[PDB]
Amino acid sequence: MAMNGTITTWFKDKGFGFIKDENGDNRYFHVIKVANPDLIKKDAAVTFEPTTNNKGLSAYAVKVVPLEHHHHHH
């Protein structure tokens, strides 16, 4: 399992969107299921586990692949 996808639709203010991998299609994502949600940016690559949703397809255990590691904490 676990596919690599690109972040295409994303509303960071609210915390939801749609990420499309190269194997399947767009899945319904939500900030709650992301371990590193502040790293979620457009055109960035993420990896997630496949699952199903009421409104379509969805993913769990979403981790973004950042090209750098900078601290973000008050």
# chains A, B, ... in the order shown; residues from 1 in each chain; ligands from 1

call {"tool": "residues_around", "arguments": {"residues": "residue A:10", "least_positions_apart": "3", "cutoff": "10 Å", "atoms": "only C-alpha atoms", "output": "number ranges by chain"}}
result
A: 7, 13-19, 29-31, 40-42

call {"tool": "write_last_selection", "arguments": {"atoms": "N, CA and C atoms", "output": "mmCIF file, in the first residue's frame"}}
result
data_model
loop_
_atom_site.group_PDB
_atom_site.id
_atom_site.type_symbol
_atom_site.label_atom_id
_atom_site.label_comp_id
_atom_site.auth_asym_id
_atom_site.auth_seq_id
_atom_site.Cartn_x
_atom_site.Cartn_y
_atom_site.Cartn_z
ATOM 1 N N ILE A 7 -0.160 17.331 -4.318
ATOM 2 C CA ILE A 7 -1.199 18.177 -3.754
ATOM 3 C C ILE A 7 -1.683 19.180 -4.793
ATOM 4 N N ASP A 13 -6.584 27.160 5.046
ATOM 5 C CA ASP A 13 -7.363 27.921 6.022
ATOM 6 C C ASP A 13 -8.374 27.019 6.726
ATOM 7 N N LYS A 14 -9.018 26.155 5.952
ATOM 8 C CA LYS A 14 -10.010 25.234 6.492
ATOM 9 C C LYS A 14 -9.360 23.919 6.915
ATOM 10 N N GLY A 15 -8.596 23.326 6.010
ATOM 11 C CA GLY A 15 -7.886 22.104 6.326
ATOM 12 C C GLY A 15 -8.393 20.898 5.559
ATOM 13 N N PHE A 16 -8.764 21.087 4.300
ATOM 14 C CA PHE A 16 -9.178 19.965 3.459
ATOM 15 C C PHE A 16 -8.825 20.221 2.004
ATOM 16 N N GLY A 17 -8.908 19.175 1.197
ATOM 17 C CA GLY A 17 -8.578 19.288 -0.208
ATOM 18 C C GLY A 17 -8.544 17.939 -0.894
ATOM 19 N N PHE A 18 -7.877 17.874 -2.038
ATOM 20 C CA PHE A 18 -7.810 16.655 -2.821
ATOM 21 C C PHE A 18 -6.397 16.461 -3.343
ATOM 22 N N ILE A 19 -5.854 15.291 -3.097
ATOM 23 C CA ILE A 19 -4.518 14.957 -3.548
ATOM 24 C C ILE A 19 -4.587 13.793 -4.519
ATOM 25 N N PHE A 29 -8.973 14.440 1.123
ATOM 26 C CA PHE A 29 -8.051 14.577 2.236
ATOM 27 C C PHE A 29 -8.553 15.607 3.232
ATOM 28 N N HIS A 30 -8.097 15.470 4.461
ATOM 29 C CA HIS A 30 -8.461 16.381 5.524
ATOM 30 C C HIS A 30 -7.300 16.482 6.509
ATOM 31 N N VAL A 31 -7.027 17.705 6.962
ATOM 32 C CA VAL A 31 -5.857 18.025 7.791
ATOM 33 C C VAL A 31 -5.679 17.077 8.984
ATOM 34 N N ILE A 40 2.066 20.821 4.086
ATOM 35 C CA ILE A 40 1.207 20.606 2.938
ATOM 36 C C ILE A 40 1.140 21.868 2.092
ATOM 37 N N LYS A 41 1.717 21.801 0.907
ATOM 38 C CA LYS A 41 1.720 22.929 -0.005
ATOM 39 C C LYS A 41 1.432 22.445 -1.419
ATOM 40 N N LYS A 42 0.945 23.344 -2.258
ATOM 41 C CA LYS A 42 0.586 23.008 -3.631
ATOM 42 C C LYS A 42 1.797 22.482 -4.400
#

call {"tool": "residues_around", "arguments": {"residues": "stretch 53-65 of chain A", "least_positions_apart": "3", "cutoff": "7 Å", "atoms": "only C-alpha atoms", "output": "PyMOL selection string"}}
result
chain A and resi 27-29+33-36+39-40+45-50

call {"tool": "write_last_selection", "arguments": {"atoms": "N, CA and C atoms", "output": "JSON list (two decimals), in the first residue's frame"}}
result
[["chain", "number", "residue", "atom", "x", "y", "z"],
["A", 27, "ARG", "N", -8.18, 11.85, -4.18],
["A", 27, "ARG", "CA", -8.85, 11.35, -3.00],
["A", 27, "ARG", "C", -9.19, 12.51, -2.08],
["A", 28, "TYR", "N", -10.19, 12.31, -1.23],
["A", 28, "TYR", "CA", -10.60, 13.32, -0.28],
["A", 28, "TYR", "C", -9.66, 13.33, 0.92],
["A", 29, "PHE", "N", -8.97, 14.44, 1.12],
["A", 29, "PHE", "CA", -8.05, 14.58, 2.24],
["A", 29, "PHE", "C", -8.55, 15.61, 3.23],
["A", 33, "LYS", "N", -5.93, 13.96, 9.26],
["A", 33, "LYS", "CA", -5.28, 12.69, 8.94],
["A", 33, "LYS", "C", -3.84, 12.89, 8.48],
["A", 34, "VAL", "N", -3.33, 14.10, 8.63],
["A", 34, "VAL", "CA", -1.98, 14.41, 8.21],
["A", 34, "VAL", "C", -1.08, 14.60, 9.43],
["A", 35, "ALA", "N", 0.09, 13.97, 9.41],
["A", 35, "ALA", "CA", 1.02, 14.05, 10.53],
["A", 35, "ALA", "C", 1.86, 15.32, 10.46],
["A", 36, "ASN", "N", 2.00, 15.86, 9.26],
["A", 36, "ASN", "CA", 2.76, 17.10, 9.05],
["A", 36, "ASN", "C", 1.99, 18.03, 8.11],
["A", 39, "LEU", "N", 3.20, 21.42, 6.34],
["A", 39, "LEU", "CA", 4.14, 21.20, 5.26],
["A", 39, "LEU", "C", 3.38, 20.93, 3.97],
["A", 40, "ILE", "N", 2.07, 20.82, 4.09],
["A", 40, "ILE", "CA", 1.21, 20.61, 2.94],
["A", 40, "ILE", "C", 1.14, 21.87, 2.09],
["A", 45, "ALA", "N", 4.81, 16.74, -2.87],
["A", 45, "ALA", "CA", 4.54, 15.31, -2.92],
["A", 45, "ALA", "C", 4.26, 14.76, -1.53],
["A", 46, "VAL", "N", 3.27, 13.89, -1.43],
["A", 46, "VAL", "CA", 2.92, 13.26, -0.17],
["A", 46, "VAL", "C", 2.74, 11.76, -0.35],
["A", 47, "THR", "N", 2.74, 11.03, 0.75],
["A", 47, "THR", "CA", 2.47, 9.61, 0.72],
["A", 47, "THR", "C", 1.37, 9.27, 1.72],
["A", 48, "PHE", "N", 0.48, 8.36, 1.33],
["A", 48, "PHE", "CA", -0.71, 8.08, 2.12],
["A", 48, "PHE", "C", -1.18, 6.64, 1.92],
["A", 49, "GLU", "N", -2.02, 6.17, 2.83],
["A", 49, "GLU", "CA", -2.58, 4.83, 2.73],
["A", 49, "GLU", "C", -3.95, 4.92, 2.05],
["A", 50, "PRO", "N", -4.29, 3.93, 1.22],
["A", 50, "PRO", "CA", -5.57, 3.92, 0.50],
["A", 50, "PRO", "C", -6.74, 3.46, 1.35]]

call {"tool": "select_by_dssp", "arguments": {"residues": "chain A", "states": "strand (DSSP E)", "output": "number ranges by chain"}}
result
A: 3-11, 16-21, 26-30, 45-52, 57-64

call {"tool": "residues_around", "arguments": {"residues": "residue A:22", "least_positions_apart": "4", "cutoff": "10 Å", "atoms": "only C-alpha atoms", "output": "PDB file with C-alpha atoms, in the first residue's frame"}}
result
ATOM      1  CA  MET A   3       1.013   5.760  -2.857  1.00  0.00           C
ATOM      2  CA  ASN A   4       2.813   8.966  -3.739  1.00  0.00           C
ATOM      3  CA  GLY A   5       0.586  11.833  -4.715  1.00  0.00           C
ATOM      4  CA  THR A   6       0.755  15.500  -5.586  1.00  0.00           C
ATOM      5  CA  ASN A  26      -7.933  12.367  -6.529  1.00  0.00           C
TER       6      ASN A  26
END

call {"tool": "decode", "arguments": {"residues": "chain A", "atoms": "C-alpha atoms", "output": "compact mmCIF listing (two decimals), in the first residue's frame"}}
result
# COMPACT_ATOMS: atom_id res chain seq x y z
CA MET A 1 0.00 0.00 0.00
CA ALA A 2 0.92 3.69 0.32
CA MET A 3 1.01 5.76 -2.86
CA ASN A 4 2.81 8.97 -3.74
CA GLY A 5 0.59 11.83 -4.72
CA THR A 6 0.75 15.50 -5.59
CA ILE A 7 -1.20 18.18 -3.75
CA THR A 8 -3.48 19.89 -6.25
CA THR A 9 -6.58 21.07 -4.43
CA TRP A 10 -5.99 22.31 -0.89
CA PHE A 11 -7.55 24.86 1.44
CA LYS A 12 -5.09 25.40 4.28
CA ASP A 13 -7.36 27.92 6.02
CA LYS A 14 -10.01 25.23 6.49
CA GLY A 15 -7.89 22.10 6.33
CA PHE A 16 -9.18 19.96 3.46
CA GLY A 17 -8.58 19.29 -0.21
CA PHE A 18 -7.81 16.66 -2.82
CA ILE A 19 -4.52 14.96 -3.55
CA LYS A 20 -3.96 12.94 -6.69
CA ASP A 21 -1.47 10.11 -7.06
CA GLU A 22 -0.11 8.66 -10.28
CA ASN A 23 -1.75 5.26 -9.94
CA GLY A 24 -5.35 6.15 -9.14
CA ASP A 25 -6.95 9.59 -8.95
CA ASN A 26 -7.93 12.37 -6.53
CA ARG A 27 -8.85 11.35 -3.00
CA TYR A 28 -10.60 13.32 -0.28
CA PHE A 29 -8.05 14.58 2.24
CA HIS A 30 -8.46 16.38 5.52
CA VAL A 31 -5.86 18.03 7.79
CA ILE A 32 -6.76 15.73 10.70
CA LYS A 33 -5.28 12.69 8.94
CA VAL A 34 -1.98 14.41 8.21
CA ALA A 35 1.02 14.05 10.53
CA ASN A 36 2.76 17.10 9.05
CA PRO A 37 -0.09 19.34 7.79
CA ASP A 38 1.77 22.67 7.81
CA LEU A 39 4.14 21.20 5.26
CA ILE A 40 1.21 20.61 2.94
CA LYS A 41 1.72 22.93 0.00
CA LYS A 42 0.59 23.01 -3.63
CA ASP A 43 2.57 20.80 -6.04
CA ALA A 44 4.31 19.10 -3.11
CA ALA A 45 4.54 15.31 -2.92
CA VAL A 46 2.92 13.26 -0.17
CA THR A 47 2.47 9.61 0.72
CA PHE A 48 -0.71 8.08 2.12
CA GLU A 49 -2.58 4.83 2.73
CA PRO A 50 -5.57 3.92 0.50
CA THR A 51 -9.12 3.73 1.83
CA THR A 52 -12.72 4.49 0.90
CA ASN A 53 -15.06 7.34 1.82
CA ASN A 54 -18.77 8.16 1.62
CA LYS A 55 -18.20 10.88 -0.97
CA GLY A 56 -15.58 8.90 -2.89
CA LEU A 57 -12.04 7.74 -2.23
CA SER A 58 -9.88 8.84 0.69
CA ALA A 59 -6.48 8.41 2.29
CA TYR A 60 -5.14 7.99 5.83
CA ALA A 61 -1.74 8.45 7.48
CA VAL A 62 -0.83 11.33 5.21
CA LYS A 63 2.79 12.42 5.37
CA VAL A 64 4.21 15.20 3.23
CA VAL A 65 7.69 14.93 1.70
CA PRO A 66 9.42 18.27 2.45
CA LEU A 67 12.60 19.14 0.56
CA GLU A 68 13.94 20.88 3.66
CA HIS A 69 13.60 20.59 7.43
CA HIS A 70 12.94 23.95 9.07
CA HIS A 71 11.62 24.47 12.59
CA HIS A 72 8.14 25.94 12.98
CA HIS A 73 7.20 26.33 16.63
CA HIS A 74 6.43 29.19 19.00
